[PDB]
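target_9.pdb follows; it contains PDB, C-alpha atoms.
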```
ATOM      1  CA  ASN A   1       0.613  25.698 -30.682
ATOM      2  CA  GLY A   2       1.503  22.277 -32.069
ATOM      3  CA  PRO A   3       0.675  20.342 -35.101
ATOM      4  CA  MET A   4      -2.953  20.247 -36.190
ATOM      5  CA  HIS A   5      -6.500  21.251 -35.623
ATOM      6  CA  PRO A   6      -9.801  20.393 -37.009
ATOM      7  CA  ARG A   7     -11.600  19.272 -33.848
ATOM      8  CA  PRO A   8      -9.337  18.165 -31.107
ATOM      9  CA  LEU A   9      -8.364  14.603 -30.189
ATOM     10  CA  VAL A  10      -9.217  13.122 -26.791
ATOM     11  CA  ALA A  11      -7.942   9.656 -25.879
ATOM     12  CA  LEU A  12      -9.068   7.098 -23.308
ATOM     13  CA  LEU A  13      -5.670   5.744 -22.344
ATOM     14  CA  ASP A  14      -6.275   2.573 -20.292
ATOM     15  CA  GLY A  15      -9.740   1.572 -21.547
ATOM     16  CA  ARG A  16     -11.811   0.658 -24.593
ATOM     17  CA  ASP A  17     -15.286   1.976 -23.787
ATOM     18  CA  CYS A  18     -16.416   5.539 -24.398
ATOM     19  CA  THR A  19     -20.170   4.913 -24.768
ATOM     20  CA  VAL A  20     -20.987   7.003 -21.712
ATOM     21  CA  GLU A  21     -18.657   9.824 -22.783
ATOM     22  CA  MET A  22     -19.816   9.839 -26.392
ATOM     23  CA  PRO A  23     -22.983  11.959 -26.202
ATOM     24  CA  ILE A  24     -21.218  14.611 -24.118
ATOM     25  CA  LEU A  25     -18.037  14.698 -26.236
ATOM     26  CA  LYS A  26     -19.429  13.916 -29.716
ATOM     27  CA  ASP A  27     -19.621  17.436 -31.186
ATOM     28  CA  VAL A  28     -16.515  18.905 -29.506
ATOM     29  CA  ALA A  29     -13.993  16.039 -29.709
ATOM     30  CA  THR A  30     -12.644  13.212 -31.846
ATOM     31  CA  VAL A  31     -13.116  10.126 -29.698
ATOM     32  CA  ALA A  32     -10.531   7.331 -29.712
ATOM     33  CA  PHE A  33      -9.441   4.780 -27.109
ATOM     34  CA  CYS A  34      -6.011   3.199 -26.835
ATOM     35  CA  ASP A  35      -6.802   0.324 -24.418
ATOM     36  CA  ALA A  36      -3.184   0.703 -23.312
ATOM     37  CA  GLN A  37      -1.592  -0.906 -20.262
ATOM     38  CA  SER A  38       1.397   1.464 -20.541
ATOM     39  CA  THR A  39       2.765   4.382 -22.591
ATOM     40  CA  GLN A  40       4.366   1.982 -25.101
ATOM     41  CA  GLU A  41       0.992   0.517 -26.104
ATOM     42  CA  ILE A  42      -0.364   3.980 -27.037
ATOM     43  CA  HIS A  43       0.059   4.584 -30.798
ATOM     44  CA  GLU A  44       2.297   7.266 -32.358
ATOM     45  CA  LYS A  45      -0.540   9.595 -33.469
ATOM     46  CA  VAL A  46      -1.937   9.734 -29.933
ATOM     47  CA  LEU A  47       1.254  10.938 -28.221
ATOM     48  CA  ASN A  48       1.914  13.526 -30.947
ATOM     49  CA  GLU A  49      -1.642  14.888 -31.196
ATOM     50  CA  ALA A  50      -3.825  14.094 -28.151
ATOM     51  CA  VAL A  51      -5.190  17.381 -26.868
ATOM     52  CA  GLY A  52      -6.983  15.753 -23.920
ATOM     53  CA  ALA A  53      -6.660  12.405 -22.145
ATOM     54  CA  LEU A  54      -9.111  10.333 -20.103
ATOM     55  CA  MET A  55      -7.774   7.595 -17.843
ATOM     56  CA  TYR A  56      -8.468   5.216 -14.978
ATOM     57  CA  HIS A  57      -6.051   3.547 -12.547
ATOM     58  CA  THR A  58      -4.501   0.918 -14.873
ATOM     59  CA  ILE A  59      -1.721   3.118 -16.304
ATOM     60  CA  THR A  60       0.898   5.079 -14.350
ATOM     61  CA  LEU A  61       2.052   8.354 -15.914
ATOM     62  CA  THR A  62       5.572   9.553 -15.111
ATOM     63  CA  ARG A  63       7.572  12.599 -16.259
ATOM     64  CA  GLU A  64       9.081  10.325 -18.955
ATOM     65  CA  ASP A  65       5.582   9.425 -20.237
ATOM     66  CA  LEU A  66       4.437  13.031 -20.023
ATOM     67  CA  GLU A  67       7.464  14.406 -21.938
ATOM     68  CA  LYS A  68       6.342  12.232 -24.875
ATOM     69  CA  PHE A  69       2.937  13.870 -25.406
ATOM     70  CA  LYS A  70       3.325  16.811 -27.807
ATOM     71  CA  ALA A  71      -0.004  18.680 -27.856
ATOM     72  CA  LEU A  72      -1.323  17.541 -24.477
ATOM     73  CA  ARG A  73      -3.346  20.142 -22.604
ATOM     74  CA  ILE A  74      -5.372  18.094 -20.072
ATOM     75  CA  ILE A  75      -5.455  14.660 -18.442
ATOM     76  CA  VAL A  76      -8.703  13.848 -16.667
ATOM     77  CA  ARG A  77      -8.788  10.932 -14.214
ATOM     78  CA  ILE A  78     -12.023   8.914 -14.070
ATOM     79  CA  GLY A  79     -12.169   8.480 -10.318
ATOM     80  CA  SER A  80     -10.859  10.056  -7.131
ATOM     81  CA  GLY A  81      -7.185   9.058  -6.666
ATOM     82  CA  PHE A  82      -4.491  10.383  -9.016
ATOM     83  CA  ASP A  83      -1.349   8.908  -7.449
ATOM     84  CA  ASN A  84      -0.947   7.009 -10.740
ATOM     85  CA  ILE A  85      -0.002  10.423 -12.145
ATOM     86  CA  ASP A  86       3.018  12.662 -11.576
ATOM     87  CA  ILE A  87       0.858  15.774 -11.113
ATOM     88  CA  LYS A  88       3.852  18.008 -10.257
ATOM     89  CA  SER A  89       5.761  17.397 -13.454
ATOM     90  CA  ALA A  90       2.522  17.209 -15.494
ATOM     91  CA  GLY A  91       1.798  20.864 -14.691
ATOM     92  CA  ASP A  92       5.500  21.684 -15.075
ATOM     93  CA  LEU A  93       4.850  20.754 -18.733
ATOM     94  CA  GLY A  94       1.595  22.741 -18.902
ATOM     95  CA  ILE A  95      -0.805  19.808 -18.666
ATOM     96  CA  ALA A  96      -3.595  20.414 -16.156
ATOM     97  CA  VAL A  97      -4.702  17.275 -14.344
ATOM     98  CA  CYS A  98      -8.199  16.797 -12.854
ATOM     99  CA  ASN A  99     -10.267  14.161 -11.047
ATOM    100  CA  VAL A 100     -13.757  12.975 -10.075
ATOM    101  CA  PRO A 101     -13.748  13.346  -6.262
ATOM    102  CA  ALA A 102     -17.345  12.505  -5.331
ATOM    103  CA  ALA A 103     -19.025   9.786  -7.379
ATOM    104  CA  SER A 104     -18.160   6.671  -5.387
ATOM    105  CA  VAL A 105     -17.772   8.188  -1.902
ATOM    106  CA  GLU A 106     -20.619   6.203  -0.341
ATOM    107  CA  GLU A 107     -20.071   3.051  -2.437
ATOM    108  CA  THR A 108     -16.538   2.948  -1.025
ATOM    109  CA  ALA A 109     -17.663   3.553   2.558
ATOM    110  CA  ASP A 110     -20.188   0.735   2.161
ATOM    111  CA  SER A 111     -17.650  -1.836   0.937
ATOM    112  CA  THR A 112     -15.483  -0.591   3.808
ATOM    113  CA  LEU A 113     -18.143  -1.311   6.392
ATOM    114  CA  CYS A 114     -18.791  -4.581   4.597
ATOM    115  CA  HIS A 115     -15.083  -5.454   5.020
ATOM    116  CA  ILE A 116     -15.019  -4.421   8.679
ATOM    117  CA  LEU A 117     -18.143  -6.504   9.329
ATOM    118  CA  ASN A 118     -16.745  -9.421   7.304
ATOM    119  CA  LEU A 119     -13.701  -9.624   9.597
ATOM    120  CA  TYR A 120     -15.664  -9.187  12.834
ATOM    121  CA  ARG A 121     -18.461 -11.583  11.884
ATOM    122  CA  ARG A 122     -16.374 -13.888   9.647
ATOM    123  CA  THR A 123     -19.342 -14.043   7.244
ATOM    124  CA  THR A 124     -17.191 -14.406   4.118
ATOM    125  CA  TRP A 125     -14.706 -16.913   5.562
ATOM    126  CA  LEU A 126     -17.646 -18.841   7.026
ATOM    127  CA  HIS A 127     -19.270 -19.050   3.585
ATOM    128  CA  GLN A 128     -16.003 -19.941   1.850
ATOM    129  CA  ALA A 129     -15.621 -22.744   4.426
ATOM    130  CA  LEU A 130     -19.112 -24.015   3.600
ATOM    131  CA  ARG A 131     -18.304 -23.931  -0.123
ATOM    132  CA  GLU A 132     -15.033 -25.740   0.597
ATOM    133  CA  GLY A 133     -17.017 -28.596   2.137
ATOM    134  CA  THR A 134     -16.735 -27.857   5.876
ATOM    135  CA  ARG A 135     -19.461 -29.510   7.902
ATOM    136  CA  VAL A 136     -21.080 -27.595  10.768
ATOM    137  CA  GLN A 137     -23.530 -29.501  12.978
ATOM    138  CA  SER A 138     -23.215 -29.065  16.753
ATOM    139  CA  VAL A 139     -23.096 -25.772  18.675
ATOM    140  CA  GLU A 140     -19.541 -26.688  19.658
ATOM    141  CA  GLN A 141     -18.728 -26.781  15.933
ATOM    142  CA  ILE A 142     -20.472 -23.433  15.330
ATOM    143  CA  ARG A 143     -18.288 -21.900  18.024
ATOM    144  CA  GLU A 144     -15.294 -23.706  16.468
ATOM    145  CA  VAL A 145     -15.823 -23.038  12.745
ATOM    146  CA  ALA A 146     -16.702 -19.424  13.505
ATOM    147  CA  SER A 147     -14.025 -19.254  16.216
ATOM    148  CA  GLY A 148     -13.112 -15.696  17.128
ATOM    149  CA  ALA A 149     -16.101 -13.810  15.833
ATOM    150  CA  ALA A 150     -16.275 -10.677  17.990
ATOM    151  CA  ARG A 151     -18.802  -8.380  19.621
ATOM    152  CA  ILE A 152     -18.370  -5.050  17.902
ATOM    153  CA  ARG A 153     -19.740  -2.749  20.647
ATOM    154  CA  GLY A 154     -16.953  -1.127  22.663
ATOM    155  CA  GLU A 155     -14.419  -1.995  19.957
ATOM    156  CA  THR A 156     -12.262   0.916  18.819
ATOM    157  CA  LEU A 157     -12.128   1.666  15.100
ATOM    158  CA  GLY A 158      -9.170   3.856  14.202
ATOM    159  CA  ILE A 159      -9.541   5.657  10.897
ATOM    160  CA  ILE A 160      -6.490   6.978   9.020
ATOM    161  CA  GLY A 161      -7.425   9.998   6.900
ATOM    162  CA  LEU A 162     -10.794  11.663   7.376
ATOM    163  CA  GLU A 163     -10.942  13.364   4.040
ATOM    164  CA  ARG A 164     -13.988  12.130   2.133
ATOM    165  CA  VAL A 165     -14.453   8.430   2.631
ATOM    166  CA  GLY A 166     -13.022   8.614   6.151
ATOM    167  CA  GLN A 167     -16.035  10.674   7.202
ATOM    168  CA  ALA A 168     -18.764   8.392   5.766
ATOM    169  CA  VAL A 169     -17.039   5.329   7.209
ATOM    170  CA  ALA A 170     -16.981   6.946  10.635
ATOM    171  CA  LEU A 171     -20.656   7.956  10.695
ATOM    172  CA  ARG A 172     -21.707   4.440   9.740
ATOM    173  CA  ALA A 173     -19.317   2.978  12.327
ATOM    174  CA  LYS A 174     -21.014   4.973  15.107
ATOM    175  CA  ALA A 175     -24.328   3.170  14.570
ATOM    176  CA  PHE A 176     -22.663  -0.213  15.221
ATOM    177  CA  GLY A 177     -21.359   0.705  18.661
ATOM    178  CA  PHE A 178     -17.831   1.318  17.438
ATOM    179  CA  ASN A 179     -15.613   3.542  19.506
ATOM    180  CA  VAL A 180     -14.582   5.842  16.685
ATOM    181  CA  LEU A 181     -11.364   7.806  16.695
ATOM    182  CA  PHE A 182      -9.189   9.018  13.825
ATOM    183  CA  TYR A 183      -5.827  10.340  12.669
ATOM    184  CA  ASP A 184      -5.539  12.894   9.856
ATOM    185  CA  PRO A 185      -2.717  15.476   9.669
ATOM    186  CA  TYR A 186      -3.875  17.533   6.653
ATOM    187  CA  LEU A 187      -7.390  18.099   8.011
ATOM    188  CA  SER A 188      -7.970  21.346   9.879
ATOM    189  CA  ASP A 189      -8.737  21.536  13.607
ATOM    190  CA  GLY A 190     -12.414  21.765  14.546
ATOM    191  CA  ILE A 191     -13.814  19.162  12.143
ATOM    192  CA  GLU A 192     -13.601  16.434  14.828
ATOM    193  CA  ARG A 193     -15.906  18.531  16.995
ATOM    194  CA  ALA A 194     -18.369  19.296  14.215
ATOM    195  CA  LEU A 195     -18.462  15.546  13.575
ATOM    196  CA  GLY A 196     -18.176  14.483  17.228
ATOM    197  CA  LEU A 197     -15.198  12.215  16.576
ATOM    198  CA  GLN A 198     -12.128  11.619  18.746
ATOM    199  CA  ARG A 199      -8.923  12.792  17.076
ATOM    200  CA  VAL A 200      -5.399  11.693  17.920
ATOM    201  CA  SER A 201      -2.260  13.591  16.922
ATOM    202  CA  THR A 202       0.380  10.933  16.185
ATOM    203  CA  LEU A 203       0.070   7.856  13.934
ATOM    204  CA  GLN A 204       1.302   5.372  16.524
ATOM    205  CA  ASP A 205      -1.392   6.842  18.802
ATOM    206  CA  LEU A 206      -4.168   5.456  16.611
ATOM    207  CA  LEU A 207      -2.232   2.220  15.997
ATOM    208  CA  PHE A 208      -1.827   1.733  19.745
ATOM    209  CA  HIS A 209      -5.487   2.318  20.611
ATOM    210  CA  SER A 210      -7.515   0.875  17.717
ATOM    211  CA  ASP A 211      -8.845  -2.687  17.725
ATOM    212  CA  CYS A 212      -9.513  -2.222  14.015
ATOM    213  CA  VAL A 213      -7.558   0.078  11.675
ATOM    214  CA  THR A 214      -8.919   1.264   8.315
ATOM    215  CA  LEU A 215      -7.147   3.285   5.607
ATOM    216  CA  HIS A 216      -8.697   6.135   3.645
ATOM    217  CA  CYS A 217      -5.582   8.122   2.812
ATOM    218  CA  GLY A 218      -4.256   9.681  -0.406
ATOM    219  CA  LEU A 219      -0.997   8.195  -1.724
ATOM    220  CA  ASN A 220       2.108  10.443  -1.923
ATOM    221  CA  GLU A 221       5.850  10.740  -1.052
ATOM    222  CA  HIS A 222       5.533  10.380   2.719
ATOM    223  CA  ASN A 223       2.711   7.913   3.372
ATOM    224  CA  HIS A 224       4.053   5.229   1.011
ATOM    225  CA  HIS A 225       4.457   2.004   3.040
ATOM    226  CA  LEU A 226       2.826   3.714   6.048
ATOM    227  CA  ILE A 227       2.239   0.216   7.404
ATOM    228  CA  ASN A 228       5.495  -1.756   7.724
ATOM    229  CA  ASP A 229       7.851  -3.633  10.091
ATOM    230  CA  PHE A 230       8.042  -0.650  12.466
ATOM    231  CA  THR A 231       4.440   0.607  12.372
ATOM    232  CA  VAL A 232       2.886  -2.901  12.224
ATOM    233  CA  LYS A 233       4.462  -3.619  15.598
ATOM    234  CA  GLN A 234       2.796  -0.464  17.029
ATOM    235  CA  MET A 235      -0.609  -2.111  16.411
ATOM    236  CA  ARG A 236      -2.562  -4.206  18.932
ATOM    237  CA  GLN A 237      -2.483  -7.989  19.343
ATOM    238  CA  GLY A 238      -4.835  -9.431  16.741
ATOM    239  CA  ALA A 239      -5.981  -6.035  15.487
ATOM    240  CA  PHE A 240      -7.903  -6.142  12.181
ATOM    241  CA  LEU A 241      -6.652  -4.152   9.178
ATOM    242  CA  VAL A 242      -8.836  -2.758   6.385
ATOM    243  CA  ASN A 243      -7.398  -1.068   3.297
ATOM    244  CA  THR A 244      -9.620   0.183   0.479
ATOM    245  CA  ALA A 245      -7.475   3.237  -0.088
ATOM    246  CA  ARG A 246      -4.383   2.731  -2.244
ATOM    247  CA  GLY A 247      -2.144  -0.329  -2.242
ATOM    248  CA  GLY A 248       1.235   1.335  -1.792
ATOM    249  CA  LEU A 249       0.307   2.202   1.794
ATOM    250  CA  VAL A 250       0.992  -1.258   3.148
ATOM    251  CA  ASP A 251       4.217  -3.271   2.993
ATOM    252  CA  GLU A 252       2.525  -6.530   1.937
ATOM    253  CA  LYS A 253       5.793  -8.207   2.960
ATOM    254  CA  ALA A 254       5.361  -6.968   6.549
ATOM    255  CA  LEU A 255       1.588  -7.601   6.526
ATOM    256  CA  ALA A 256       1.843 -11.166   5.186
ATOM    257  CA  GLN A 257       4.480 -11.874   7.845
ATOM    258  CA  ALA A 258       2.341 -10.316  10.609
ATOM    259  CA  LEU A 259      -0.777 -12.232   9.589
ATOM    260  CA  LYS A 260       0.959 -15.627   9.806
ATOM    261  CA  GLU A 261       2.601 -14.819  13.191
ATOM    262  CA  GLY A 262      -0.893 -14.095  14.594
ATOM    263  CA  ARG A 263      -0.149 -10.474  15.546
ATOM    264  CA  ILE A 264      -2.803  -9.217  13.082
ATOM    265  CA  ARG A 265      -5.944 -11.351  13.422
ATOM    266  CA  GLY A 266      -7.160 -10.655   9.887
ATOM    267  CA  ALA A 267      -7.047  -8.195   7.006
ATOM    268  CA  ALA A 268      -9.478  -7.172   4.289
ATOM    269  CA  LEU A 269      -7.908  -5.722   1.165
ATOM    270  CA  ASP A 270      -9.547  -4.294  -1.933
ATOM    271  CA  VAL A 271      -6.189  -2.819  -2.917
ATOM    272  CA  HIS A 272      -2.963  -4.806  -3.170
ATOM    273  CA  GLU A 273      -0.287  -2.554  -4.666
ATOM    274  CA  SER A 274       1.028  -5.189  -7.055
ATOM    275  CA  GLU A 275      -0.406  -5.011 -10.468
ATOM    276  CA  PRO A 276      -3.450  -7.048 -11.301
ATOM    277  CA  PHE A 277      -2.531 -10.498  -9.954
ATOM    278  CA  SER A 278      -2.175 -11.759  -6.483
ATOM    279  CA  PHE A 279      -3.037 -14.641  -4.159
ATOM    280  CA  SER A 280      -1.056 -16.914  -6.475
ATOM    281  CA  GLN A 281       1.922 -14.572  -6.816
ATOM    282  CA  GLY A 282       2.874 -11.955  -4.228
ATOM    283  CA  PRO A 283       3.831 -12.033  -0.516
ATOM    284  CA  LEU A 284       0.205 -12.722   0.503
ATOM    285  CA  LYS A 285       0.567 -16.359  -0.620
ATOM    286  CA  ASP A 286      -1.339 -18.534   1.880
ATOM    287  CA  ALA A 287      -1.615 -15.646   4.351
ATOM    288  CA  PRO A 288      -4.275 -16.839   6.810
ATOM    289  CA  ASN A 289      -7.384 -14.725   7.488
ATOM    290  CA  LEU A 290      -7.196 -12.426   4.464
ATOM    291  CA  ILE A 291     -10.204 -11.269   2.444
ATOM    292  CA  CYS A 292      -9.478  -9.939  -1.046
ATOM    293  CA  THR A 293     -11.626  -8.036  -3.521
ATOM    294  CA  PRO A 294     -10.284  -6.902  -6.934
ATOM    295  CA  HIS A 295     -10.193  -3.081  -6.598
ATOM    296  CA  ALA A 296     -14.006  -2.887  -6.612
ATOM    297  CA  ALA A 297     -14.986  -0.941  -3.471
ATOM    298  CA  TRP A 298     -15.819   2.031  -5.688
ATOM    299  CA  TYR A 299     -17.932   0.198  -8.272
ATOM    300  CA  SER A 300     -21.647   0.376  -8.839
ATOM    301  CA  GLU A 301     -23.289   0.838 -12.263
ATOM    302  CA  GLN A 302     -24.853   4.197 -11.307
ATOM    303  CA  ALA A 303     -21.578   5.533  -9.841
ATOM    304  CA  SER A 304     -19.645   4.542 -12.937
ATOM    305  CA  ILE A 305     -22.164   6.296 -15.241
ATOM    306  CA  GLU A 306     -21.988   9.299 -12.894
ATOM    307  CA  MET A 307     -18.200   9.639 -12.770
ATOM    308  CA  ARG A 308     -17.867   8.966 -16.502
ATOM    309  CA  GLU A 309     -20.206  11.838 -17.331
ATOM    310  CA  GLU A 310     -18.474  14.203 -14.890
ATOM    311  CA  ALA A 311     -15.066  13.308 -16.326
ATOM    312  CA  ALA A 312     -16.539  13.803 -19.838
ATOM    313  CA  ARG A 313     -17.806  17.281 -18.936
ATOM    314  CA  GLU A 314     -14.465  18.335 -17.449
ATOM    315  CA  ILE A 315     -12.894  17.388 -20.818
ATOM    316  CA  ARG A 316     -15.601  19.430 -22.576
ATOM    317  CA  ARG A 317     -15.108  22.390 -20.222
ATOM    318  CA  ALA A 318     -11.379  22.081 -20.978
ATOM    319  CA  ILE A 319     -11.735  22.046 -24.781
ATOM    320  CA  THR A 320     -14.474  24.653 -25.252
ATOM    321  CA  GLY A 321     -13.602  26.759 -22.194
ATOM    322  CA  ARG A 322     -10.262  27.836 -20.696
ATOM    323  CA  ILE A 323      -7.465  26.127 -18.752
ATOM    324  CA  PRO A 324      -7.408  26.279 -15.772
ATOM    325  CA  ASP A 325     -10.492  28.419 -15.191
ATOM    326  CA  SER A 326     -13.330  26.428 -16.753
ATOM    327  CA  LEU A 327     -12.164  23.262 -14.962
ATOM    328  CA  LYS A 328     -14.247  22.299 -11.917
ATOM    329  CA  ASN A 329     -11.999  19.580 -10.539
ATOM    330  CA  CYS A 330      -8.408  20.591 -11.212
ATOM    331  CA  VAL A 331      -5.835  19.047  -8.891
ATOM    332  CA  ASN A 332      -2.587  20.752  -9.978
ATOM    333  CA  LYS A 333      -3.493  24.435 -10.154
ATOM    334  CA  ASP A 334      -0.352  24.955  -8.035
ATOM    335  CA  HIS A 335       2.052  23.486 -10.618
ATOM    336  CA  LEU A 336       0.855  25.051 -13.912
ATOM    337  CA  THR A 337       2.895  26.717 -16.689
TER     338      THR A 337
END
```

Take the structure I supplied and represent it as structure tokens, if you would.
Amino acid sequence: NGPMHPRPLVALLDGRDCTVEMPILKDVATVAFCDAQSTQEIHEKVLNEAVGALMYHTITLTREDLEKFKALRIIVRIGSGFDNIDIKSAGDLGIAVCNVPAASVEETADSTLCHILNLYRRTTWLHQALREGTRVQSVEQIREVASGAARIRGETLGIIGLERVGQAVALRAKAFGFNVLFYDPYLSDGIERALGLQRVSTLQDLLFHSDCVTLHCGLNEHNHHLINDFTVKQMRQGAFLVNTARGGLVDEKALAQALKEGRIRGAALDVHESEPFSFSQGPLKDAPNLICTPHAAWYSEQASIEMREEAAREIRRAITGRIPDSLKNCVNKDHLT
């Protein structure tokens, strides 16, 4: 029961476009966007009054940031992952946090397969070479310039985390002749049978046996820097690494090192946990055999529209309905006061 009323304020924290949200929110909320990179860039009014918040992945919200909001009831994340939010302490303050789990599931799995195929077939590097003036003529040169393209069939793809994307990735994999096995601790027993996938129990198990390792794992306390000096050594000689999950899962220091030494034949990263920049600054400087996309595995126009509208509705359900009942996609029911 804080400060003020008429019709409640809902702020887009790390963006400046609400044109998709506007027809859903118009009548029930006062729309304003703070285009803020951090909590400092969000104006005074907003912290003191914001009833609901909409946000993407650009801004991290910590207990410190959360303590500052005075009338905050809900924070809705436009997208799946909410590691950029302290969900524990957010509920400990009474703010329910939600997400959009579904929108870009297949878009992500497609970029993933793209990445896997781009390492195995060298399509991207081969094009980049052609751009950069390389000059392929004889068959000998074809074999040379495309040196170490591989036959996929028989190859073992190890998937880490078979919640959502993990699944779609796997199914697709199958059709390419990939030997598909996975590691996921939080998933219940049985699923691997229903899906006809091999499951291993330990992490080093998958590392040991996969020719290609992809990440599709939520980011939390434990799995931070899951790939590092110790675990990276448990991988195969010249095993490919794909990461379109979160960035904090891979010690870029250890990966950059391992790429140069030749122990990891190539990596494809859509997520480099190291805010916007890289390739010019960061450990991955001149790391050989390393594809990079700018956090775009999720993106397609139609998926963006979709997730924006779902996020918008959650906000509406929040405002007109009741916390935490009305909410369809709440992620900290467990932590609410």

Can you turn the PyMOL selection byres ((chain A and resi 231) around 10) into a concrete residue list for this file, as a PyMOL selection string?
chain A and resi 203-204+207-208+225-230+232-235+254

Non-local contacts of residue 129 (chain A) (12 Å; all atoms listed in the file; under 6 positions in same chain excluded) as a PyMOL selection string:
chain A and resi 122-123+135-136+142+145-146+289

Counting all atoms listed in the file, what are the residues of region 125-151 of chain A within 12 Å of region 266-286 of chain A, and for each of them which pair of atoms is the nearest and at what distance in Å, to one decimal? Sort the table by chain and rising number, as a tab-separated table.
```
residue	atom	partner	partner_atom	distance
A:125	CA	A:266	CA	10.7
A:148	CA	A:266	CA	10.6
A:149	CA	A:266	CA	11.2
```

Keeping only C-alpha atoms, write the selected residues as a PDB file, keeping the file's coordinate frame.
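Dumped everything to result.pdb:
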```
ATOM      1  CA  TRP A 125     -14.706 -16.913   5.562  1.00  0.00           C
ATOM      2  CA  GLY A 148     -13.112 -15.696  17.128  1.00  0.00           C
ATOM      3  CA  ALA A 149     -16.101 -13.810  15.833  1.00  0.00           C
TER       4      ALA A 149
END
```

Interatomic distance (Å, one decimal) between CA of residue 188 (chain A) and CA of residue 200 (chain A):
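CA of residue 200 (chain A) lies at a distance of 12.8 Å from CA of residue 188 (chain A).
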
Identify, on the basis of only C-alpha atoms, every residue whose closest approach to residue 114 (chain A) does not exceed 10 Å; exclude the query and any residue fewer than 5 positions from it along the same chain; express the result as number ranges by chain.
A: 108-109, 119-120, 123-124, 268, 297

Residue members of the PyMOL selection byres ((chain A and resi 214-221) around 10) in the file shown, as a PyMOL selection string:
chain A and resi 80-84+86+108-109+112-113+115-116+157-167+169+182+184+210+212-213+222-226+240-250+267-268

Expected file: the selected residues, C-alpha atoms, as a compact mmCIF listing (two decimals), in the coordinates of the input:
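Final output, out.txt:
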```txt
# COMPACT_ATOMS: atom_id res chain seq x y z
CA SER A 80 -10.86 10.06 -7.13
CA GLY A 81 -7.18 9.06 -6.67
CA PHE A 82 -4.49 10.38 -9.02
CA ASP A 83 -1.35 8.91 -7.45
CA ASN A 84 -0.95 7.01 -10.74
CA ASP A 86 3.02 12.66 -11.58
CA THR A 108 -16.54 2.95 -1.02
CA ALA A 109 -17.66 3.55 2.56
CA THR A 112 -15.48 -0.59 3.81
CA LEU A 113 -18.14 -1.31 6.39
CA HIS A 115 -15.08 -5.45 5.02
CA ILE A 116 -15.02 -4.42 8.68
CA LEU A 157 -12.13 1.67 15.10
CA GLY A 158 -9.17 3.86 14.20
CA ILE A 159 -9.54 5.66 10.90
CA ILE A 160 -6.49 6.98 9.02
CA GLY A 161 -7.42 10.00 6.90
CA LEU A 162 -10.79 11.66 7.38
CA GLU A 163 -10.94 13.36 4.04
CA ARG A 164 -13.99 12.13 2.13
CA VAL A 165 -14.45 8.43 2.63
CA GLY A 166 -13.02 8.61 6.15
CA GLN A 167 -16.04 10.67 7.20
CA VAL A 169 -17.04 5.33 7.21
CA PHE A 182 -9.19 9.02 13.82
CA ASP A 184 -5.54 12.89 9.86
CA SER A 210 -7.52 0.88 17.72
CA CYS A 212 -9.51 -2.22 14.02
CA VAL A 213 -7.56 0.08 11.68
CA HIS A 222 5.53 10.38 2.72
CA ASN A 223 2.71 7.91 3.37
CA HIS A 224 4.05 5.23 1.01
CA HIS A 225 4.46 2.00 3.04
CA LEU A 226 2.83 3.71 6.05
CA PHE A 240 -7.90 -6.14 12.18
CA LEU A 241 -6.65 -4.15 9.18
CA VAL A 242 -8.84 -2.76 6.38
CA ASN A 243 -7.40 -1.07 3.30
CA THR A 244 -9.62 0.18 0.48
CA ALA A 245 -7.48 3.24 -0.09
CA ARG A 246 -4.38 2.73 -2.24
CA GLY A 247 -2.14 -0.33 -2.24
CA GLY A 248 1.24 1.34 -1.79
CA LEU A 249 0.31 2.20 1.79
CA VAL A 250 0.99 -1.26 3.15
CA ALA A 267 -7.05 -8.20 7.01
CA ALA A 268 -9.48 -7.17 4.29
```

Return as a PyMOL selection string the set of residues that the PyMOL selection byres ((chain A and resi 61-71) around 12) yields on the displayed structure.
chain A and resi 1-5+8-11+13-14+36-53+55-60+72-75+77+82-97

Could you check the closest approach to residue 306 (chain A) for each of A:54, A:251, A:26, A:103 and tell me which residue wins, using only C-alpha atoms?
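Among the listed residues, A:103 lies closest to residue 306 (chain A).
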
Just want the 8 Å neighbourhood of residue 298 (chain A), counted on all atoms listed in the file, with same-chain residues fewer than 3 positions away dropped. Output as an MDAnalysis selection string.
chainID A and resid 104:105 107:108 111 295 303

Between A:290, A:171, A:305, A:98, which one has atoms that come closest to residue 256 (chain A), using all atoms listed in the file?
A:290

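Between CA of residue 239 (chain A) and CA of residue 193 (chain A) there is a distance of 26.5 Å.
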
For a quick check of understanding, using all atoms listed in the file, which of A:127, A:335, A:28, A:34 has the smallest distance to residue 15 (chain A)?
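Result for the nearest residue to residue 15 (chain A): A:34.
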
Point-to-point distance from CA of residue 311 (chain A) to CA of residue 294 (chain A), Å rounded to tenths
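Between these atoms lies a distance of 22.8 Å.
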
Could you give me, as a ChimeraX atom specification, the residues within 7 Å of residue 199 (chain A), counting all atoms listed in the file and dropping anything in the same chain fewer than 2 positions from it?
/A:181-183,192,197,201

So, counting all atoms listed in the file, which residue among A:264, A:139, A:20, A:100 is closest to residue 301 (chain A)?
A:20
